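Undergrad: Here's my sequence, what's the structure:
(2 chains)
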Amino acid sequence: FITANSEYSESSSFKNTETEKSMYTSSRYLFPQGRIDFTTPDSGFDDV
Amino acid sequence: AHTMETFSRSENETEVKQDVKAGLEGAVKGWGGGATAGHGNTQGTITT
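TA: Residues are numbered from 1 along each chain as shown, chains lettered A, B, ... in the order given. Dropping the coordinates below:
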């Protein structure tokens, strides 16, 4: 004499992305010409 | 002149799935009935 029905459908979804980037550049141009010296009194040299 | 270039890359990917299902039914003297159930689980992972 009677019929009954029930349904229950549940769903879940999840996504997660993490991105990290890093860059570094270092340039050095070294163009020497020479060295200059001064004489300290402790050296004992006549040019002081 | 001296140039040195080094490159490395790693890719990892993982996937897991798991589905469960169940069901039941029966009737006596027309007093019928049924039931059903389900469950799912999907996990992914990408690492670069």
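
Undergrad: Neighbours of residue A:9, how many?
TA: Neighbour count for residue A:9, taken as other C-beta atoms under 10 Å in any protein chain shown: 5. Yep, even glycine has a C-beta here, placed from its N, CA and C like the rest.

Undergrad: Distance check, it against residue A:48.
TA: Look at residue A:9 and residue A:48: by C-beta to C-beta, to the nearest Å, they are 97 Å apart.

Undergrad: got the residue ranges for the strands in chain B?
TA: Counting by DSSP state E, chain B has strands at residues B:12-28, B:31-47.

Undergrad: mind listing what the last one pairs with, with the direction of each?
TA: If you go by DSSP bridges, strand B:31-47 pairs up with strand B:12-28 (antiparallel).

Undergrad: now the strands for chain A?
TA: Counting by DSSP E, chain A contains no strands.

Undergrad: what is residue B:38 paired to in the beta sheet?
TA: For residue B:38, the beta-bridge partners are residue B:21 (DSSP bridges).

Undergrad: what do you get for residue B:32?
TA: Taking DSSP bridges as the rule, residue B:32 bridges to residue B:27.

Undergrad: Tell me how many other residues surround the residue lying closest to residue B:42 once chain neighbours are set aside.
TA: Leaving out its chain neighbours, the residue that sits closest to residue B:42 by C-beta to C-beta, 6 or more residues apart in numbering or on different chains is residue B:17, at 5.0 Å. Residues contacting residue B:17 under the criterion other C-beta under 10 Å number 9.
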